[PDB]
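Virtual Cβ from ideal backbone geometry, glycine too; neighbours counted across all protein chains shown. Bear in mind these aren't lab numbers, they're just calculated from the coordinates by the rules spelled out.
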Amino acid sequence: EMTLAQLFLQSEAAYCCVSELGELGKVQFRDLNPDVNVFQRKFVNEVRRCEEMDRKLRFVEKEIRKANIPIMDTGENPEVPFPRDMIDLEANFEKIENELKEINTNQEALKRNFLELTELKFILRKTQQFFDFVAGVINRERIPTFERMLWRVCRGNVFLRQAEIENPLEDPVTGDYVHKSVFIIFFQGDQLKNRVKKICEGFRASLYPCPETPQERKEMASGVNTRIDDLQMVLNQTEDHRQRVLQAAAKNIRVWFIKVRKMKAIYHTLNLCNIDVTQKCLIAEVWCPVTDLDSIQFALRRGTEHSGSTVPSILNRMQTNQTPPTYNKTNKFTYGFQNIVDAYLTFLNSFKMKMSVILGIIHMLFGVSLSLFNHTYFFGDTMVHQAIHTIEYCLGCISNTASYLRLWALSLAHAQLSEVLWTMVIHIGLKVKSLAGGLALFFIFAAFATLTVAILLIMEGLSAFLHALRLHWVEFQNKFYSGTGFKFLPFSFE
Amino acid sequence: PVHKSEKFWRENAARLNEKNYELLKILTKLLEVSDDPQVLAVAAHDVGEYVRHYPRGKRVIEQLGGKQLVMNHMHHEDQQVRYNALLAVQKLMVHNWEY
Amino acid sequence: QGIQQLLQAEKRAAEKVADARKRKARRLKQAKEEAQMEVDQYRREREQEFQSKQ
Amino acid sequence: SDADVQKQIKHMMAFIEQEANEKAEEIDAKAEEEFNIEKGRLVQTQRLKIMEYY
């Protein structure tokens with residue numbers, strides 16, 4: 001019982017009315033300008049601004065989990081932010097966006113700076129110990145095959161120094177947490193420098209310039225000492241600057257979702273306005289219940305006050321020839337049971353067959369009588385149509401009433417296997433002479449506990465439940481229900 | 001707006017070095033000597049923009065010793081001054097020449 | 001309906017901004033002939049110093 | 001309630017006159033730069049030729 005009754009807007013009340021109208025959830029905004037593309041719907045530039053904040057929110061919800069920060073919820077339907085507050089949000093949203101995008105690129109360059117200088121620092125101690133040209137670093141696992149190749153292709157020789165570094169360091173992707181070793185490539189020749197650099201890249205060694213003169217090694221060792229600890233200082237100082245704004249974001253992102261997601265939803269309905277015609281006032285052609293005409297109108301009177309507009313909006317009524325979408329009670333323990341139908345030995349044999357056949361005739365009687373009350377509620381092609389209407393009811397009810405005979409025969413299937421199941425429970429387990437009461441009854445009663453429910457209640461139960469849907473759909477909904485249907489779909493919250 | 005403009009820092013990169021480079025240290029002398037809880041925040045971001053637009057100015061900043069001054073100013077009690085010094089000191093060691 | 005009383009209403013808003021684009025397009029030529037009244041008038045403004053120097 | 005057709009004539013006609021008056025009054029008060037300034041242009045042309053006979 002819906003009406004396409006018109007509703008007018010004034011574009012100073014186009015947000016605050018619709019938002020409180022979208023804070024109720026009884027409205028079915030219908031697009032009546034279909035002759036237009038997906039762009040130029042009056043607000044395409046601003047719905048991308050909500051989408052840009054949506055892209056920033058889907059990005060910031062990912063990085064808030066990689067640092068593993070607990071998320072505040074405080075679950076409540078909030079106030080929808082005004083377009084006055086919208087420009088103030090992109091100052092705040094992009095501040096968190098640009099700072100966190102910069103830091104993850106800056107900390108990775110700082111971490112790459114930290115590991116390289118510590119790798120250079122550990123070779124300064126071990127070589128100045130050995131002293132009292134190429135210097136470089138290689139892992140311990142590749143050092144015996146390196147000097148075997150270094151003796152091979154250089155083949156004069158280079159006097160190699162072998163000295164293993166202490167507790168494992170890590171270059172970021174290669175290698176992850178390995179203890180390496182230093183080496184010394186003097187050779188004095190300056191021709192074999194080309195013949196060793198290919199080997200240093202082939203074994204993936206990391207080489208650094210050493211000053212090579214005495215007391216400048218300790219001079220640069222004092223230099224990289226002060227450089228590393230300052231680099232160690234700013235690395236954690238970026239990290240405590242990081243976590244202090246992650247938890248500042250952790251108090252934000254949950255409510256900041258439903259700020260813009262409610263804004264993006266109502267602006268999509270602002271795209272769904274009438275035809276964008278000729279003045280600074282709007283119309284809305286919505287579907288609405290007659291039982292809720294008053295409550296949405298007082299809500300419309302509430303919406304024009306929240307913007308502070310002096311002029312209330314109106315509601316015209318009319319009549320047309322279109323779909324009257326359905327609406328009902330929609331109760332909680334009535335929600336799931338409604339959604340299923342919205343998707344669309346010798347003596348017992350003689351007695352239970354005919355009484356079930358009359359029961360199917362009684363179910364068809366109540367169904368066909370509902371067609372007369374539905375018809376009362378509102379030549380050549382009429383002959384061939386009503387012939388298909390009548391004789392498909394004639395031979396059709398026979399196949400319906402034949403499928404009512406199964407629900408006794410499925411109970412005969414229910415009775416026979418339950419005795420066999422029962423027989424095992426009463427006979428193979430309990431009729432053992434010596435070792436019955438312990439291990440023998442325990443595995444059989446477990447079969448009486450677990451194996452009967454999968455066979456009699458799971459598969460036999462679902463099949464008769466699927467049969468009962470077939471008794472409802474093709475055998476009961478074929479008598480009165482036209483089966484066309486059209487849902488209401490109110491403008492929801494989440 | 002000139003201190004936040006990207007065109008101002010990119011075009012006037014060598015303008016500090018062409019002006020007898022101690023004039024860039026005159027910005028550092030104002031940053032090191034004076035406290036200035038709002039005015040040194042402009043001194044921190046302008047020093048990092050000079051280092052970002054000139055990697056050789058990091059040697060000039062190490063010559064004037066402003067890196068230890070920016071490090072000590074990073075521990076200031078002001079929030080915006082410590083936040084600006086954190087972005088500047090991290091930009092000061094971004095290039096990482098060998099010592 | 002309500003749109004039918006509104007369509008003639010917007011044309012009443014449309015005409016009152018239309019003629020304002022017209023009387024402002026008439027007066028600009030009229031200013032060129034009202035500031036050309038000065039040649040009929042400031043020949044007499046020259047006549048006081050024509051009489052003062054005489 | 002049949003006053004919805006009257007509420008259209010009540011306050012949607014008020015949106016007609018506010019765009020009728022306060023947009024044309026912005027045009028009508030633009031004579032300080034389209035009638036006074038344009039008069040100030042042509043008086044210099046009269047003072048260009050009065051500074052020969054004076």
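Observations
- Any hit, the range D:16-24, residues being buried (at least 16 other Cβ atoms within 10 Å of the Cβ), aliphatic (A, V, I, L, M) and farther than 20 Å from C:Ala25 by Cβ: yes
- Any hit, the range A:288-310, residues being within 14 Å of chain D (Cβ to nearest Cβ), more than 30 Å from B:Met71 (Cα to Cα) and part of a loop (DSSP other than H, G, I, E, B): yes
- Residue match in the range A:177-198 (condition: outside any loop (DSSP other than H, G, I, E, B), exposed (fewer than 12 other Cβ atoms within 10 Å of the Cβ) and within 53 Å of the chain's Cα centre (by Cα)): yes
- Within the range A:1-19, the set of residues being away from chain C (no Cβ under 14 Å), surrounded by fewer than 19 Cβ atoms within 10 Å (Cβ to Cβ) and over 30 Å from A:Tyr377 (Cα atoms) comprises A:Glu12 only.
Yes/no matrix, rows are residues, columns are (1) away from every other protein chain (no Cβ under 12 Å); (2) closer than 22 Å to A:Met233 by Cβ:
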{"residue": "B:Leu27", "(1), (2)": "yes, no"}
{"residue": "B:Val39", "(1), (2)": "yes, no"}
{"residue": "B:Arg56", "(1), (2)": "yes, no"}
{"residue": "B:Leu64", "(1), (2)": "yes, yes"}
{"residue": "B:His75", "(1), (2)": "no, yes"}
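- Residue under evaluation A:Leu207, criteria (1) within 14 Å of chain B (Cβ to nearest Cβ); (2) in contact with a strand residue (DSSP E or B) (Cβ under 6 Å, 6 or more places away or on another chain); (3) assigned to a helix (DSSP H, G or I), criterion not met: (3)
- Qualifying residues in the range A:262-321 (those that are out of contact with any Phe, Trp or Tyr (no Cβ under 8 Å at 6 or more places or on another chain) and of a type in the set (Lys, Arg)) - the one farthest from D:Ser1 (Cα to Cα): A:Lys264
- Scope the range A:103-130; condition loosely packed, with under 13 Cβ neighbours inside 10 Å and farther than 30 Å from B:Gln90 by Cα; matching residues: A:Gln129, A:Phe130
- Test: residue in the range A:468-486 that is exposed (fewer than 13 other Cβ atoms within 10 Å of the Cβ) and over 18 Å from A:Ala343 (Cβ atoms): no
- Flag for A:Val36 being of a type in the set (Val, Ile, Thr) and either surrounded by 17 or more Cβ atoms within 10 Å (Cβ to Cβ) or over 30 Å from A:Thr320 (Cβ atoms) (or both): no
- Positions within the range A:67-99 being under 23 Å from A:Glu239 (Cβ atoms), among the aliphatic types (A, V, I, L, M) and part of a helix (DSSP H, G or I), in sequence order: A:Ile96
- Of everything listed in (1) facing chain A (nearest Cβ under 10 Å); (2) assigned to a helix (DSSP H, G or I); (3) out of contact with any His (no Cβ under 6 Å at 6 or more places or on another chain), the single unmet condition for B:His95 is (2).
- Helices (runs of 4 or more DSSP H) (entirely within chain C) containing at least 1 residues that are within 25 Å of A:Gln10 (Cβ to Cβ) and facing chain D (nearest Cβ under 7 Å): C:2-18, C:20-23
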